[PDB]
There are 2 protein chains.
Amino acid sequence: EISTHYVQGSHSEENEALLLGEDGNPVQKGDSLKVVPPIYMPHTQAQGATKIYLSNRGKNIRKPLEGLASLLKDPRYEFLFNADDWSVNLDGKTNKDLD
Amino acid sequence: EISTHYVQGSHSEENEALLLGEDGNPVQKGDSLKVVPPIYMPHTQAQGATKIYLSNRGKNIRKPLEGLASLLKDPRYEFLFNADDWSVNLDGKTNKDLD
């Protein structure tokens, strides 16, 4: 919903236009376990420079997603989102089960 | 209400833009006796790919249909939806009648 595609028309995930640093590496590639979101180049496809177009697939749920992120970073909801042994990894595997 | 026509403007059932596999067959054709819904190609009419427009005949009853689908698979409604000798098959034929 926020990241921009490097090529207009299509919004393929392999054409992510992340703002790269001076050394070459991206400034903020983003993290999944951490709730920090990645940084993206500004949406401006004018003449002179390369044409970068915004995401063409996002819905209108930016506000609920921001609320969910705020809940995820809240230490008062650990009993739901950061359970002791029933934490879910990125691939969907927990230490224990419901039994 | 979900499956999208392969061509915009017309919503013919024969133009179902389903998601096909590498071999050529669709990923999920869908079943009637089973409650699995068919898979469809994502709605996208941008450049590069074909123009995919969702069907315009769909009503606003997605939630009641989802509820009915959930009820159909509930084993607590066997006496209603899955009577032993009064189960209606696809073409509307019953083994026995109300007599």
# chains A, B, ... in the order shown; residues from 1 in each chain; ligands from 1
call {"tool": "interface_residues", "arguments": {"of": "chain A", "to": "chain B", "cutoff": "12 Å", "atoms": "only C-alpha atoms", "output": "list in words"}}
result
residues 7, 8, 9, 10, 11, 12, 56 and 57 of chain A
call {"tool": "write_last_selection", "arguments": {"atoms": "N, CA and C atoms", "output": "short mmCIF file (atom, residue, chain, number, x, y, z; two decimals), in the first residue's frame"}}
result
data_model
loop_
_atom_site.label_atom_id
_atom_site.label_comp_id
_atom_site.auth_asym_id
_atom_site.auth_seq_id
_atom_site.Cartn_x
_atom_site.Cartn_y
_atom_site.Cartn_z
N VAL A 7 8.74 0.38 -11.99
CA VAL A 7 8.25 0.47 -13.36
C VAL A 7 6.76 0.77 -13.33
N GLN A 8 6.33 1.73 -14.14
CA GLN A 8 4.93 2.08 -14.21
C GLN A 8 4.14 0.99 -14.93
N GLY A 9 2.81 1.06 -14.79
CA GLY A 9 1.94 0.09 -15.43
C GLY A 9 1.74 -1.16 -14.61
N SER A 10 2.83 -1.86 -14.30
CA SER A 10 2.79 -3.08 -13.52
C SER A 10 3.40 -2.85 -12.14
N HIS A 11 2.89 -3.58 -11.15
CA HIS A 11 3.34 -3.41 -9.77
C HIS A 11 3.93 -4.70 -9.23
N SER A 12 4.79 -5.35 -10.02
CA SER A 12 5.41 -6.60 -9.59
C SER A 12 6.26 -6.38 -8.35
N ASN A 56 -0.26 0.01 -7.39
CA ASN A 56 -1.55 -0.02 -8.08
C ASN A 56 -2.45 -1.14 -7.59
N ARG A 57 -2.12 -1.79 -6.48
CA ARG A 57 -2.88 -2.92 -5.98
C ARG A 57 -3.41 -2.73 -4.57
#
call {"tool": "calpha_fit_rmsd", "arguments": {"fixed": "chain A", "moving": "chain B"}}
result
0.4 Å
call {"tool": "residues_around", "arguments": {"residues": "range 25-38 of chain A", "least_positions_apart": "5", "cutoff": "8 Å", "atoms": "only C-alpha atoms", "output": "list in words"}}
result
residues 3, 18, 19, 20, 69, 72 and 73 of chain A
call {"tool": "write_last_selection", "arguments": {"atoms": "N, CA, C and O atoms", "output": "PDB file, in the first residue's frame"}}
result
ATOM      1  N   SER A   3       4.721   1.225  -0.488  1.00  0.00           N
ATOM      2  CA  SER A   3       5.908   1.097  -1.320  1.00  0.00           C
ATOM      3  C   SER A   3       5.562   1.334  -2.786  1.00  0.00           C
ATOM      4  O   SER A   3       4.441   1.075  -3.234  1.00  0.00           O
ATOM      5  N   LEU A  18      12.878   0.851  -3.725  1.00  0.00           N
ATOM      6  CA  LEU A  18      13.338   1.261  -2.406  1.00  0.00           C
ATOM      7  C   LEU A  18      14.434   2.310  -2.531  1.00  0.00           C
ATOM      8  O   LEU A  18      15.354   2.175  -3.342  1.00  0.00           O
ATOM      9  N   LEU A  19      14.327   3.363  -1.723  1.00  0.00           N
ATOM     10  CA  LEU A  19      15.317   4.433  -1.746  1.00  0.00           C
ATOM     11  C   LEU A  19      16.652   3.913  -1.233  1.00  0.00           C
ATOM     12  O   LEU A  19      16.779   3.560  -0.055  1.00  0.00           O
ATOM     13  N   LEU A  20      17.646   3.865  -2.113  1.00  0.00           N
ATOM     14  CA  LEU A  20      18.961   3.347  -1.767  1.00  0.00           C
ATOM     15  C   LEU A  20      19.832   4.445  -1.172  1.00  0.00           C
ATOM     16  O   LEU A  20      19.684   5.627  -1.489  1.00  0.00           O
ATOM     17  N   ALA A  69      -0.567  -2.361  13.677  1.00  0.00           N
ATOM     18  CA  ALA A  69       0.847  -2.211  14.009  1.00  0.00           C
ATOM     19  C   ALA A  69       1.024  -1.616  15.400  1.00  0.00           C
ATOM     20  O   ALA A  69       1.875  -2.074  16.178  1.00  0.00           O
ATOM     21  N   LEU A  72       0.421  -4.251  17.817  1.00  0.00           N
ATOM     22  CA  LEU A  72       1.527  -5.204  17.821  1.00  0.00           C
ATOM     23  C   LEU A  72       2.706  -4.693  18.633  1.00  0.00           C
ATOM     24  O   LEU A  72       3.381  -5.478  19.307  1.00  0.00           O
ATOM     25  N   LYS A  73       2.972  -3.390  18.584  1.00  0.00           N
ATOM     26  CA  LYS A  73       4.056  -2.813  19.372  1.00  0.00           C
ATOM     27  C   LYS A  73       3.639  -2.474  20.797  1.00  0.00           C
ATOM     28  O   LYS A  73       4.453  -1.932  21.551  1.00  0.00           O
TER      29      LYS A  73
END
call {"tool": "atom_distance", "arguments": {"atom1": "CA of residue 52 in chain B", "atom2": "CA of residue 17 in chain B"}}
result
7.6 Å
call {"tool": "residues_around", "arguments": {"residues": "residue 62 in chain B", "least_positions_apart": "6", "cutoff": "12 Å", "atoms": "only C-alpha atoms", "output": "PDB file with C-alpha atoms, in the first residue's frame"}}
result
ATOM      1  CA  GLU B   1     -19.813 -12.396  -7.267  1.00  0.00           C
ATOM      2  CA  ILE B   2     -16.120 -13.414  -7.091  1.00  0.00           C
ATOM      3  CA  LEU B  68     -24.600 -20.221   4.518  1.00  0.00           C
ATOM      4  CA  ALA B  69     -21.369 -21.818   3.291  1.00  0.00           C
TER       5      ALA B  69
END
call {"tool": "residues_around", "arguments": {"residues": "residue 16 in chain B", "least_positions_apart": "2", "cutoff": "7 Å", "atoms": "only C-alpha atoms", "output": "PyMOL selection string"}}
result
chain B and resi 3-6+13-14+18
call {"tool": "select_by_dssp", "arguments": {"residues": "chain A", "states": "strand (DSSP E)", "output": "count of residues only"}}
result
4
call {"tool": "select_by_dssp", "arguments": {"residues": "chain B", "states": "helix (DSSP H, G or I)", "output": "MDAnalysis selection string"}}
result
chainID B and resid 13:15 62:72 75:81
call {"tool": "atom_distance", "arguments": {"atom1": "CA of residue 91 in chain B", "atom2": "CA of residue 63 in chain B"}}
result
26.2 Å
call {"tool": "residues_around", "arguments": {"residues": "residue 85 in chain A", "least_positions_apart": "3", "cutoff": "8 Å", "atoms": "only C-alpha atoms", "output": "list in words"}}
result
residues 94, 95 and 96 of chain A
call {"tool": "write_last_selection", "arguments": {"atoms": "N, CA and C atoms", "output": "PDB file, in the first residue's frame"}}
result
ATOM      1  N   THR A  94       5.122 -23.200  15.483  1.00  0.00           N
ATOM      2  CA  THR A  94       5.163 -22.831  16.887  1.00  0.00           C
ATOM      3  C   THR A  94       5.911 -23.883  17.695  1.00  0.00           C
ATOM      4  N   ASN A  95       6.364 -23.471  18.880  1.00  0.00           N
ATOM      5  CA  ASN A  95       7.065 -24.394  19.766  1.00  0.00           C
ATOM      6  C   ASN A  95       6.144 -25.508  20.246  1.00  0.00           C
ATOM      7  N   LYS A  96       4.902 -25.171  20.584  1.00  0.00           N
ATOM      8  CA  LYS A  96       3.926 -26.135  21.075  1.00  0.00           C
ATOM      9  C   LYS A  96       2.624 -25.970  20.301  1.00  0.00           C
TER      10      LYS A  96
END
call {"tool": "decode", "arguments": {"residues": "range 14-86 of chain A", "atoms": "C-alpha atoms", "output": "short mmCIF file (atom, residue, chain, number, x, y, z; two decimals), in the first residue's frame"}}
result
data_model
loop_
_atom_site.label_atom_id
_atom_site.label_comp_id
_atom_site.auth_asym_id
_atom_site.auth_seq_id
_atom_site.Cartn_x
_atom_site.Cartn_y
_atom_site.Cartn_z
CA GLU A 14 10.40 -7.68 -7.93
CA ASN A 15 10.26 -4.03 -9.10
CA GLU A 16 10.31 -2.48 -5.63
CA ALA A 17 11.70 1.06 -5.81
CA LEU A 18 13.34 1.26 -2.41
CA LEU A 19 15.32 4.43 -1.75
CA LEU A 20 18.96 3.35 -1.77
CA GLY A 21 21.65 4.96 0.34
CA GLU A 22 24.81 6.72 -0.78
CA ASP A 23 26.88 3.55 -0.39
CA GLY A 24 24.35 1.62 -2.49
CA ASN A 25 22.51 -0.37 0.15
CA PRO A 26 18.88 0.64 0.83
CA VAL A 27 18.33 3.10 3.65
CA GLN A 28 15.56 1.03 5.28
CA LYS A 29 14.92 -2.41 3.79
CA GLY A 30 12.33 -3.06 6.50
CA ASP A 31 11.82 -5.89 8.97
CA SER A 32 9.06 -8.42 9.62
CA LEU A 33 9.55 -9.42 13.27
CA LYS A 34 10.28 -5.78 13.99
CA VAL A 35 7.28 -3.65 13.07
CA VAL A 36 9.50 -1.09 11.33
CA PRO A 37 8.26 -0.56 7.74
CA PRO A 38 10.61 -0.17 4.77
CA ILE A 39 11.34 3.21 3.21
CA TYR A 40 10.48 3.80 -0.44
CA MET A 41 11.40 6.37 -3.07
CA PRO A 42 8.99 9.28 -3.62
CA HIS A 43 6.23 8.89 -6.20
CA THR A 44 7.26 11.15 -9.09
CA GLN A 45 7.41 9.89 -12.69
CA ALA A 46 8.18 13.24 -14.32
CA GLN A 47 10.74 13.91 -17.04
CA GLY A 48 14.48 14.20 -16.42
CA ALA A 49 14.76 11.28 -13.98
CA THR A 50 13.52 7.70 -13.92
CA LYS A 51 9.76 7.15 -13.87
CA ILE A 52 8.56 5.61 -10.59
CA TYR A 53 4.87 4.81 -10.08
CA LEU A 54 3.04 4.17 -6.82
CA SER A 55 1.44 0.85 -5.89
CA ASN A 56 -1.55 -0.02 -8.08
CA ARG A 57 -2.88 -2.92 -5.98
CA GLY A 58 -3.39 -1.52 -2.49
CA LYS A 59 -6.76 -1.29 -0.78
CA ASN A 60 -8.14 1.47 1.47
CA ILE A 61 -7.15 -0.21 4.75
CA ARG A 62 -4.10 1.87 5.68
CA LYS A 63 -5.69 3.11 8.92
CA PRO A 64 -6.64 -0.37 10.25
CA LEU A 65 -3.15 -1.60 9.37
CA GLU A 66 -1.59 1.28 11.30
CA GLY A 67 -3.85 0.43 14.23
CA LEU A 68 -2.82 -3.22 14.05
CA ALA A 69 0.85 -2.21 14.01
CA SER A 70 0.30 0.00 17.06
CA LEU A 71 -1.36 -2.93 18.84
CA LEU A 72 1.53 -5.20 17.82
CA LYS A 73 4.06 -2.81 19.37
CA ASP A 74 1.94 -2.49 22.53
CA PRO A 75 3.35 -4.48 25.49
CA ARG A 76 -0.19 -4.80 26.88
CA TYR A 77 -1.23 -7.33 24.20
CA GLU A 78 1.57 -9.85 24.73
CA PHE A 79 -0.93 -12.46 25.95
CA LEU A 80 -2.43 -12.40 22.44
CA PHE A 81 0.31 -11.51 19.97
CA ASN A 82 3.49 -12.62 21.78
CA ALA A 83 2.44 -15.69 23.75
CA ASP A 84 5.21 -17.49 25.61
CA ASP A 85 5.45 -20.78 23.71
CA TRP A 86 2.68 -20.36 21.09
#
